[PDB]
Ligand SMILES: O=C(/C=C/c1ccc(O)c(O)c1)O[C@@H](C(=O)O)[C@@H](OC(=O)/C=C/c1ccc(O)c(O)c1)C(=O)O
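Here's a solo chain for you in structure tokens, the form solved without the named molecule.
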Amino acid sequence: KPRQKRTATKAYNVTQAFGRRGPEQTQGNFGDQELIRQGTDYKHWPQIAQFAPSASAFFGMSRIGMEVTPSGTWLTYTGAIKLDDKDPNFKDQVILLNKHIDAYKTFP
């Protein structure tokens, strides 16, 4: 199955499925060590996954493009998802997302 259809778990983790966390255009930057090692087994995974798009929304909400580089042919995507600041758990949701965004920068 292609990379975009993989699901990370304890036995096949985020790094294995999706590469090291990092800053470059081809890399993902999301996840602290616990999420990287556990994937969808991570204790707070469903609280993160609520923000992941359906296939329909992915193609409906995003700015989609095609690029061709020496490495290959790429379907590019970009977008933004608004958090509901009336959700009771809003403050915690933001805290959780921020804990995982660029977590790798403090990997010792």
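Rigid core: the largest C-alpha set superposing within 1.5 Å between the two forms. Quick note: we count residues from 1 along the sequence shown, nothing fancier.
Taking RMS over all structures and residues, which stretch has CA atoms farther from the shown form in 9 other deposited structures of this protein, 68 to 76 or 51 to 59, after a rigid core fit? Result of the core-fitted comparison in 9 other deposited structures of this protein: 68 to 76 deviates more.
Subject >> Per the entry, higher mean C-alpha B factor between 89 to 97 and 8 to 16 >> reply: The stretch with the larger mean CA B-factor is 89 to 97.
- Message: By the CA temperature factor listed in this entry, which of these ranks top: 72, 79, 31, 53?
- Response: Most elevated C-alpha B-factor of the set, per the entry: 72.
Quiz item: Thinking about Cα B factors across the chain, which third does residue 60 belong to?
Solution: It belongs to the middle third of the chain when residues are ordered by C-alpha B-factor.
There is also a form solved in complex with the named molecule; it is not shown, and the following applies to it.
(request) Identify whether the named molecule in the bound PDB entry is within 4.5 Å of every residue in the set 44, 93 and 97, based on non-hydrogen atoms. (result) Result no, not one residue of the spot touches the named molecule.
Any of the heavy atoms of residue 89 lying within 4.5 Å of the named molecule in the bound PDB entry?
The answer is no: residue 89 has no heavy atom within 4.5 Å of the named molecule.
Checklist entry - Just to confirm, residue 33 within 4.5 Å of the named molecule in the bound PDB entry by heavy atoms? => result Heavy-atom contact with the named molecule at 4.5 Å: present for residue 33.
State yes or no: in the bound PDB entry, is some non-hydrogen atom of residue 9 no more than 4.5 angstroms from a non-hydrogen atom of the named molecule?
Judged by the heavy-atom cut-off of 4.5 Å, residue 9 is well away from the named molecule in the bound PDB entry.
*asked:* With the named molecule taken in the bound PDB entry, which residues across 71 to 108 come within 4.5 angstroms through any non-hydrogen atom?
replied: Heavy-atom contacts within 4.5 Å come from 107, 108.
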